[PDB]
Structures are given as C-alpha cells and as structure tokens.
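Enquirer: The file below is protein-v8.pdb, PDB, C-alpha atoms and all ligand atoms:
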```
MODEL        1
ATOM      1  CA  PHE A  83      -2.587   7.198 -10.634
ATOM      2  CA  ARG A  84       0.124   9.813 -10.999
ATOM      3  CA  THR A  85       3.862  10.359 -11.245
ATOM      4  CA  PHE A  86       6.177  12.949  -9.749
ATOM      5  CA  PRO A  87       8.933  15.510 -10.355
ATOM      6  CA  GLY A  88      11.483  13.009 -11.595
ATOM      7  CA  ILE A  89       9.071  10.196 -12.367
ATOM      8  CA  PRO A  90       8.502   7.624  -9.614
ATOM      9  CA  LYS A  91      10.186   4.315 -10.345
ATOM     10  CA  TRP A  92      12.534   2.050  -8.423
ATOM     11  CA  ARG A  93      15.792   1.186 -10.143
ATOM     12  CA  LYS A  94      15.355  -2.440  -9.153
ATOM     13  CA  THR A  95      12.551  -4.958  -9.504
ATOM     14  CA  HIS A  96      13.689  -6.982  -6.515
ATOM     15  CA  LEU A  97      12.263  -4.709  -3.846
ATOM     16  CA  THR A  98      12.426  -5.216  -0.103
ATOM     17  CA  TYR A  99      10.039  -4.231   2.664
ATOM     18  CA  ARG A 100       9.644  -4.487   6.418
ATOM     19  CA  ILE A 101       7.064  -3.793   9.099
ATOM     20  CA  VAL A 102       8.722  -1.931  11.940
ATOM     21  CA  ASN A 103       5.780  -2.174  14.308
ATOM     22  CA  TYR A 104       2.255  -3.547  14.450
ATOM     23  CA  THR A 105      -1.121  -2.550  15.841
ATOM     24  CA  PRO A 106      -2.638  -3.517  19.199
ATOM     25  CA  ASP A 107      -5.535  -5.229  17.467
ATOM     26  CA  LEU A 108      -4.215  -7.718  14.940
ATOM     27  CA  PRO A 109      -1.564 -10.426  15.284
ATOM     28  CA  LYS A 110       1.867  -9.961  13.767
ATOM     29  CA  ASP A 111       1.634 -12.344  10.837
ATOM     30  CA  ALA A 112      -1.816 -10.925  10.199
ATOM     31  CA  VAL A 113      -0.510  -7.385   9.899
ATOM     32  CA  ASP A 114       2.419  -8.414   7.734
ATOM     33  CA  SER A 115      -0.180 -10.244   5.678
ATOM     34  CA  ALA A 116      -1.798  -6.937   4.799
ATOM     35  CA  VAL A 117       1.485  -5.888   3.236
ATOM     36  CA  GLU A 118       2.160  -9.311   1.769
ATOM     37  CA  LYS A 119      -1.265  -8.902   0.211
ATOM     38  CA  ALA A 120      -0.911  -5.291  -0.862
ATOM     39  CA  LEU A 121       2.369  -6.252  -2.488
ATOM     40  CA  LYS A 122       0.901  -9.196  -4.358
ATOM     41  CA  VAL A 123      -1.995  -7.032  -5.477
ATOM     42  CA  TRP A 124       0.513  -4.956  -7.405
ATOM     43  CA  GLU A 125       2.763  -7.896  -8.197
ATOM     44  CA  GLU A 126      -0.101  -9.027 -10.396
ATOM     45  CA  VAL A 127       0.104  -5.910 -12.526
ATOM     46  CA  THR A 128       3.823  -5.273 -12.401
ATOM     47  CA  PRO A 129       7.049  -7.200 -13.025
ATOM     48  CA  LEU A 130       8.135  -6.018  -9.605
ATOM     49  CA  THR A 131       9.008  -8.450  -6.846
ATOM     50  CA  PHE A 132       9.253  -8.167  -3.082
ATOM     51  CA  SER A 133      11.131  -9.711  -0.181
ATOM     52  CA  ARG A 134      11.041  -9.471   3.594
ATOM     53  CA  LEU A 135      14.041  -8.760   5.790
ATOM     54  CA  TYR A 136      14.002 -10.076   9.339
ATOM     55  CA  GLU A 137      16.523  -7.331   9.990
ATOM     56  CA  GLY A 138      18.189  -4.427   8.224
ATOM     57  CA  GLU A 139      16.907  -1.489   6.212
ATOM     58  CA  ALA A 140      14.349  -2.547   3.631
ATOM     59  CA  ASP A 141      13.285  -0.279   0.793
ATOM     60  CA  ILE A 142       9.708  -0.146   2.022
ATOM     61  CA  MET A 143       9.875   0.139   5.793
ATOM     62  CA  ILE A 144       6.207   0.189   6.723
ATOM     63  CA  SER A 145       5.795   1.748  10.144
ATOM     64  CA  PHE A 146       2.649   2.796  11.971
ATOM     65  CA  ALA A 147       2.274   5.794  14.249
ATOM     66  CA  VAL A 148      -0.477   7.605  16.109
ATOM     67  CA  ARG A 149      -0.819  11.359  16.447
ATOM     68  CA  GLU A 150       2.268  13.327  15.489
ATOM     69  CA  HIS A 151       5.043  11.228  14.002
ATOM     70  CA  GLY A 152       7.417  13.630  12.296
ATOM     71  CA  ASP A 153       6.748  15.676   9.182
ATOM     72  CA  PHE A 154       3.481  17.583   9.108
ATOM     73  CA  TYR A 155       0.683  15.037   9.075
ATOM     74  CA  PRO A 156      -0.543  14.584  12.644
ATOM     75  CA  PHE A 157      -2.822  11.595  13.029
ATOM     76  CA  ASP A 158      -5.684  11.845  15.494
ATOM     77  CA  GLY A 159      -7.770   9.053  16.956
ATOM     78  CA  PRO A 160      -9.779   6.572  14.875
ATOM     79  CA  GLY A 161     -11.489   7.359  11.592
ATOM     80  CA  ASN A 162     -10.174   9.992   9.212
ATOM     81  CA  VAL A 163      -6.805   9.161   7.704
ATOM     82  CA  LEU A 164      -6.634   5.384   7.831
ATOM     83  CA  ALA A 165      -3.158   5.285   6.340
ATOM     84  CA  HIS A 166      -0.960   7.597   4.303
ATOM     85  CA  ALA A 167       2.154   7.077   2.220
ATOM     86  CA  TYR A 168       4.658   9.034   0.165
ATOM     87  CA  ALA A 169       6.185   8.696  -3.280
ATOM     88  CA  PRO A 170       9.189   6.401  -3.752
ATOM     89  CA  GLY A 171      12.616   7.516  -2.598
ATOM     90  CA  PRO A 172      14.965   7.759   0.393
ATOM     91  CA  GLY A 173      13.888   8.894   3.837
ATOM     92  CA  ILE A 174      10.229   9.728   4.318
ATOM     93  CA  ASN A 175       9.685   8.627   0.737
ATOM     94  CA  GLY A 176       8.929   4.975   0.102
ATOM     95  CA  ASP A 177       7.722   4.561   3.664
ATOM     96  CA  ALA A 178       4.094   4.119   4.650
ATOM     97  CA  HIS A 179       2.329   4.947   7.893
ATOM     98  CA  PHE A 180      -0.960   3.565   9.145
ATOM     99  CA  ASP A 181      -3.184   4.601  12.022
ATOM    100  CA  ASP A 182      -2.321   2.601  15.117
ATOM    101  CA  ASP A 183      -5.066   4.517  16.882
ATOM    102  CA  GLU A 184      -7.669   2.513  15.002
ATOM    103  CA  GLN A 185      -9.208  -0.941  14.851
ATOM    104  CA  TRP A 186      -8.117  -3.331  12.128
ATOM    105  CA  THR A 187      -9.352  -6.598  10.671
ATOM    106  CA  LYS A 188      -8.324  -9.336   8.270
ATOM    107  CA  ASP A 189     -11.519  -9.250   6.242
ATOM    108  CA  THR A 190     -14.578  -7.202   5.363
ATOM    109  CA  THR A 191     -15.841  -6.450   8.851
ATOM    110  CA  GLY A 192     -13.550  -3.848  10.362
ATOM    111  CA  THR A 193     -11.243  -1.530   8.477
ATOM    112  CA  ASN A 194      -9.758  -4.221   6.271
ATOM    113  CA  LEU A 195      -6.060  -3.634   6.813
ATOM    114  CA  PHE A 196      -4.866  -5.171   3.566
ATOM    115  CA  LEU A 197      -7.480  -3.143   1.726
ATOM    116  CA  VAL A 198      -5.941  -0.051   3.273
ATOM    117  CA  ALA A 199      -2.433  -1.403   2.854
ATOM    118  CA  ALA A 200      -2.851  -1.845  -0.881
ATOM    119  CA  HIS A 201      -3.727   1.950  -0.975
ATOM    120  CA  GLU A 202      -0.791   3.283   1.064
ATOM    121  CA  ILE A 203       1.628   1.009  -0.752
ATOM    122  CA  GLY A 204       0.301   2.515  -3.961
ATOM    123  CA  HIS A 205       1.744   5.855  -2.924
ATOM    124  CA  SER A 206       4.980   4.079  -2.093
ATOM    125  CA  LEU A 207       5.049   2.342  -5.454
ATOM    126  CA  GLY A 208       4.405   5.505  -7.429
ATOM    127  CA  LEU A 209       0.756   6.245  -8.077
ATOM    128  CA  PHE A 210      -1.889   8.352  -6.381
ATOM    129  CA  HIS A 211      -5.652   8.718  -6.228
ATOM    130  CA  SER A 212      -7.232   7.559  -9.466
ATOM    131  CA  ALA A 213     -10.313   8.615 -11.393
ATOM    132  CA  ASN A 214     -12.465   5.614 -10.570
ATOM    133  CA  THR A 215     -14.754   4.668  -7.708
ATOM    134  CA  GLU A 216     -14.237   0.943  -8.124
ATOM    135  CA  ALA A 217     -10.530   1.582  -7.707
ATOM    136  CA  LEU A 218      -8.960   1.087  -4.300
ATOM    137  CA  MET A 219      -6.626   4.008  -4.885
ATOM    138  CA  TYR A 220      -9.708   6.204  -4.883
ATOM    139  CA  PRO A 221      -9.861   8.802  -2.099
ATOM    140  CA  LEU A 222     -12.681   6.862  -0.485
ATOM    141  CA  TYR A 223     -12.964   3.465   1.162
ATOM    142  CA  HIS A 224     -14.291   0.731  -1.094
ATOM    143  CA  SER A 225     -15.375  -2.766  -0.134
ATOM    144  CA  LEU A 226     -16.839  -5.756  -1.937
ATOM    145  CA  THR A 227     -19.261  -8.545  -1.113
ATOM    146  CA  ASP A 228     -16.226 -10.792  -1.365
ATOM    147  CA  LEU A 229     -12.852  -9.099  -1.088
ATOM    148  CA  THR A 230     -11.413 -12.507  -1.893
ATOM    149  CA  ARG A 231     -12.160 -11.450  -5.451
ATOM    150  CA  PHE A 232     -11.103  -7.836  -5.084
ATOM    151  CA  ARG A 233      -9.052  -6.320  -7.878
ATOM    152  CA  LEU A 234      -7.537  -3.021  -8.952
ATOM    153  CA  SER A 235      -9.399  -1.073 -11.608
ATOM    154  CA  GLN A 236      -7.866  -0.363 -14.995
ATOM    155  CA  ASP A 237      -7.478   3.183 -13.728
ATOM    156  CA  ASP A 238      -5.004   1.945 -11.146
ATOM    157  CA  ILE A 239      -3.160  -0.404 -13.471
ATOM    158  CA  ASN A 240      -2.912   2.372 -16.032
ATOM    159  CA  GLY A 241      -0.181   4.005 -13.988
ATOM    160  CA  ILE A 242       1.379   1.045 -12.223
ATOM    161  CA  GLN A 243       2.013  -0.435 -15.647
ATOM    162  CA  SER A 244       2.799   2.739 -17.553
ATOM    163  CA  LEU A 245       5.673   3.162 -15.128
ATOM    164  CA  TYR A 246       6.737  -0.446 -15.558
ATOM    165  CA  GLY A 247       4.634  -3.146 -17.172
ATOM    166  CA  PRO A 248       4.899  -6.912 -16.659
ATOM    167  CA  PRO A 249       5.656  -9.375 -19.466
ATOM    168  CA  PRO A 250       2.996 -11.092 -21.587
ATOM    169  CA  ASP A 251       1.686 -14.608 -21.096
ATOM    170  CA  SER A 252       4.303 -17.319 -21.457
ATOM    171  CA  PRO A 253       2.128 -19.621 -23.576
ATOM    172  CA  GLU A 254       1.849 -17.223 -26.491
ATOM    173  CA  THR A 255       3.201 -17.220 -30.026
TER     174      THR A 255
HETATM  175  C1  LIG A 301      -5.320   8.889   4.050
HETATM  176  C2  LIG A 301      -4.939   8.310   2.671
HETATM  177  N1  LIG A 301      -5.401   6.907   2.600
HETATM  178  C3  LIG A 301      -6.878   6.832   2.395
HETATM  179  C4  LIG A 301      -7.298   5.371   2.070
HETATM  180  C5  LIG A 301      -8.609   5.332   1.242
HETATM  181  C6  LIG A 301      -8.875   3.925   0.716
HETATM  182  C7  LIG A 301      -9.718   3.737  -0.393
HETATM  183  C8  LIG A 301      -9.969   2.447  -0.870
HETATM  184  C9  LIG A 301      -9.384   1.341  -0.245
HETATM  185  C10 LIG A 301      -8.546   1.524   0.859
HETATM  186  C11 LIG A 301      -8.289   2.813   1.340
HETATM  187  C12 LIG A 301      -7.668   7.307   3.643
HETATM  188  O1  LIG A 301      -7.513   6.773   4.730
HETATM  189  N2  LIG A 301      -8.528   8.305   3.484
HETATM  190  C13 LIG A 301      -9.396   8.856   4.593
HETATM  191  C14 LIG A 301      -9.710  10.347   4.301
HETATM  192  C15 LIG A 301      -8.526  11.241   4.729
HETATM  193  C16 LIG A 301      -8.888  12.727   4.550
HETATM  194  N3  LIG A 301      -7.714  13.595   4.929
HETATM  195  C17 LIG A 301      -7.720  14.927   4.921
HETATM  196  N4  LIG A 301      -8.795  15.618   4.565
HETATM  197  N5  LIG A 301      -6.634  15.574   5.289
HETATM  198  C18 LIG A 301     -10.710   8.028   4.705
HETATM  199  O2  LIG A 301     -11.227   7.527   3.714
HETATM  200  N6  LIG A 301     -11.258   7.895   5.916
HETATM  201  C19 LIG A 301     -12.415   7.176   6.082
HETATM  202  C20 LIG A 301     -12.539   6.298   7.170
HETATM  203  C21 LIG A 301     -13.715   5.557   7.347
HETATM  204  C22 LIG A 301     -14.770   5.690   6.438
HETATM  205  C23 LIG A 301     -14.653   6.562   5.352
HETATM  206  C24 LIG A 301     -13.479   7.304   5.169
HETATM  207  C25 LIG A 301      -5.547   9.210   1.557
HETATM  208  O3  LIG A 301      -6.590   9.804   1.794
HETATM  209  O4  LIG A 301      -4.955   9.280   0.487
HETATM  210 ZN    ZN A 302       3.068   9.844   8.141
HETATM  211 ZN    ZN A 303      -4.224   8.174  -1.077
ENDMDL
END
```
As structure tokens, what does this structure read like?
Expert:
Amino acid sequence: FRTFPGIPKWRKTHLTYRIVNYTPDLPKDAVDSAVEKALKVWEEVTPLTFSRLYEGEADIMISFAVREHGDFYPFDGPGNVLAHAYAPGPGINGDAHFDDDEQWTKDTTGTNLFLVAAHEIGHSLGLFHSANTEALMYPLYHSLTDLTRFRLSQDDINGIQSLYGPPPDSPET
C-alpha cells in the first residue's frame, strides 16, 4: 500500500462506479461482477460504499482497452499487464483499465477477472503494491485453492484502513 502527493482519499464514502465496456470473453453481468466483487473486497475493510449508474459519469469509470489507449501505457496482446489503474482523482485518475486483448474467467481457471479487478481498483482506491506475497496487491498474480475464501492480507488493509478505517463491531460495549 501507498499514498500520494496530496494523500489519496475520496471526499465521500458513497462512491459510484461504472463499466464503460466489457471483454469479448465474459458476459456483461459477469464482468460487472468482477468490479462488484473487487468493491466488496475493500468494502469489508473500509467504511466506503459503492453504487452503479446505468448512465452518467461515475467516480470510478472502469473501461478496458487494448494496445494504445491514451497516456503512455500501451497494452500489447495477452499476458503481461493484466490490468492497470491510477490513483484517485479526476480524469485519468480514479479510472481503471484492463486488457481486453486477453482471456478472462469467473473463477480460478483463467485469469480470474475479479482477482485482477480487486488489484486495479486498489490503485483507484488509493494504495499500491504491498510488501506481501499473500496479498493480491502484490506485483505478481496470486491464486488460492478456493478463491471463495480469498482475502486481502494485513499488508493491504494497513493502507486501505490507515486512509480511512471502518467502524468497530456493533455488538460491543
Ligand atoms: C499491471 C498491474 N496489475 C498487475 C496485477 C497483478 C495481480 C496480483 C495479484 C492478484 C491480481 C493481480 C499485473 O497485471 N501485473 C503483470 C506484470 C506487469 C509488468 N509491467 C511492466 N514491467 N511494465 C502480471 O502479473 N502479468 C502476469 C500475467 C500472467 C502471469 C504472471 C504475470 C501492475 O503490475 O501493477
Ligand atoms: Zn491505461
Ligand atoms: Zn499494481
């Protein structure tokens, strides 16, 4: 995890997101699921909340692109960069791009989209590669016998929480 020159942090908890386009491999709902999942993954370790917008300009407008797609980060075929994302902010910032020139799956068999989505989103949220191998923010793909149990490492939470931090358990004191 990391911050930025100005400290990454949205001024609102009620965030919005949107998938501009999908990949010629997965179904729509399936793709959106990856985000829906990535979001929840962080929702578990932040007070933040999310909402989808059938139309309009959402805060996190997730949009895929192959090869060149603006800026200076030209995709190229399958493999390599699976998905990249920038710190939070207007314009290029907040957004997240995947590789449309790559296969995708909804579980541990292909390049688990959600698994990748929870990484890119991390950049969007305001944290970068962490110092743990079990972490999904690590600069290397990481799977599990059962992703249905997957979780972010303390390394990841460290930042996501340090920048925010959800409330304690209700049934307490
Ligand atoms: C590209 C961006 N996103 C990562 C996701 C890594 C990840 C880890 C754990 C769970 C999900 C996702 C990514 O796609 N990394 C690439 C490496 C990009 C190197 N770029 C460069 N040198 N300019 C990656 O891991 N590719 C890859 C694909 C298949 C197998 C192994 C690695 C990043 O590197 O920060
Ligand atoms: Zn990009
Ligand atoms: Zn990364």
Enquirer: Could you list, as an NGL selection string, all residues that come within 8 Å of ligand ZN 302 (chain A)? Count all atoms listed in the file.
Expert: :A and (147 or 151-157 or 165-167 or 178-180)
Enquirer: Rounded to one decimal, what separation in Å do you get between atom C13 of ligand LIG 301 (chain A) and atom CA of residue 236 of chain A?
Expert: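 According to the coordinates, atom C13 of ligand LIG 301 (chain A) and atom CA of residue 236 of chain A are separated by 21.7 Å.
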Enquirer: Rounded to one decimal in Å, what is the spacing between atom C18 of ligand LIG 301 (chain A) and atom CA of residue 127 of chain A?
Expert: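 Value for the atom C18 of ligand LIG 301 (chain A)-atom CA of residue 127 of chain A distance: 24.7 Å.
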Enquirer: What do you get, as a PyMOL selection string, if you spell out every residue that the PyMOL selection byres (((chain A and resi 137-146) around 8) and not hetatm) selects here?
Expert: chain A and resi 97-105+134-136+147-148+176-182+206
Enquirer: For chain A versus ligand ZN 303 (chain A), which residues have an atom no more than 10 Å away, and what is each residue's nearest atom pair and distance in Å rounded to one decimal, using only C-alpha atoms and all ligand atoms, chain-then-number order, as CSV?
Expert:
```
residue,atom,partner,partner_atom,distance
A:83,CA,A:ZN303,ZN,9.7
A:163,CA,A:ZN303,ZN,9.2
A:164,CA,A:ZN303,ZN,9.6
A:165,CA,A:ZN303,ZN,8.0
A:166,CA,A:ZN303,ZN,6.3
A:167,CA,A:ZN303,ZN,7.3
A:168,CA,A:ZN303,ZN,9.0
A:198,CA,A:ZN303,ZN,9.5
A:201,CA,A:ZN303,ZN,6.2
A:202,CA,A:ZN303,ZN,6.3
A:203,CA,A:ZN303,ZN,9.3
A:204,CA,A:ZN303,ZN,7.8
A:205,CA,A:ZN303,ZN,6.7
A:209,CA,A:ZN303,ZN,8.8
A:210,CA,A:ZN303,ZN,5.8
A:211,CA,A:ZN303,ZN,5.4
A:212,CA,A:ZN303,ZN,8.9
A:218,CA,A:ZN303,ZN,9.1
A:219,CA,A:ZN303,ZN,6.1
A:220,CA,A:ZN303,ZN,7.0
A:221,CA,A:ZN303,ZN,5.8
A:222,CA,A:ZN303,ZN,8.6
```
Enquirer: Would you translate the PyMOL selection byres (((chain A and resi 188) around 9) and not hetatm) into the concrete set of residues it matches in this file, as a PyMOL selection string?
Expert: chain A and resi 108+112-113+115-116+186-187+189-196
Enquirer: Selection in question (the file shown): the PyMOL selection byres (((chain A and resi 239) around 10) and not hetatm). Which residues does it include, as a compact mmCIF listing (two decimals) with C-alpha atoms, in the coordinates of the input?
Expert:
```txt
# COMPACT_ATOMS: atom_id res chain seq x y z
CA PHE A 83 -2.59 7.20 -10.63
CA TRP A 124 0.51 -4.96 -7.40
CA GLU A 126 -0.10 -9.03 -10.40
CA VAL A 127 0.10 -5.91 -12.53
CA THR A 128 3.82 -5.27 -12.40
CA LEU A 209 0.76 6.24 -8.08
CA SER A 212 -7.23 7.56 -9.47
CA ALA A 217 -10.53 1.58 -7.71
CA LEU A 234 -7.54 -3.02 -8.95
CA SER A 235 -9.40 -1.07 -11.61
CA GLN A 236 -7.87 -0.36 -15.00
CA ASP A 237 -7.48 3.18 -13.73
CA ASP A 238 -5.00 1.94 -11.15
CA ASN A 240 -2.91 2.37 -16.03
CA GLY A 241 -0.18 4.00 -13.99
CA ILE A 242 1.38 1.04 -12.22
CA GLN A 243 2.01 -0.44 -15.65
CA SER A 244 2.80 2.74 -17.55
CA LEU A 245 5.67 3.16 -15.13
CA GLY A 247 4.63 -3.15 -17.17
```
Enquirer: Calculate, to one decimal in Å, the centre and edge lengths of the box along x, y and z of the file that holds all listed atoms of ligand LIG 301 (chain A) with 6 Å of margin on each side, and present them as JSON.
Expert:
```
{"center_x": -9.9, "center_y": 8.5, "center_z": 3.2, "size_x": 21.8, "size_y": 26.3, "size_z": 20.2}
```
Enquirer: So the first atom is atom CA of residue 208 of chain A and the second is atom CA of residue 118 of chain A; what is the distance between them in Å, to one decimal place?
Expert: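 Interatomic distance, atom CA of residue 208 of chain A to atom CA of residue 118 of chain A: 17.6 Å.
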Enquirer: Of the residues A:175, A:131, A:225, A:162, which is the one nearest to residue 86 of chain A, using only C-alpha atoms?
Expert: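 Looking at the shortest contact to residue 86 of chain A, the residue is A:175.
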Enquirer: Which one of A:216, A:250, A:232, A:183 sits closest to residue 107 of chain A if you count all atoms listed in the file?
Expert: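 Nearest candidate to residue 107 of chain A out of A:216, A:250, A:232, A:183: A:183.
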Enquirer: Looking at all atoms listed in the file, which of A:160, A:253, A:248, A:173 is the one that sits closest to ligand LIG 301 (chain A)?
Expert: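 Looking only at the distances to ligand LIG 301 (chain A), the closest residue turns out to be A:160.
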Enquirer: With all atoms listed in the file as the basis for distance, which of A:197, A:246, A:85, A:224 is at the shortest distance from residue 117 of chain A?
Expert: A:197
Enquirer: For ligand LIG 301 (chain A), which residue among A:171, A:87, A:161, A:249 is the nearest when counting only C-alpha atoms and all ligand atoms?
Expert: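 For ligand LIG 301 (chain A), the nearest of the given residues is A:161.
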Enquirer: Pick the closest to ligand LIG 301 (chain A) from A:199, A:226, A:213, A:174: which is it, counting all atoms listed in the file?
Expert: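 Closest candidate: A:199.
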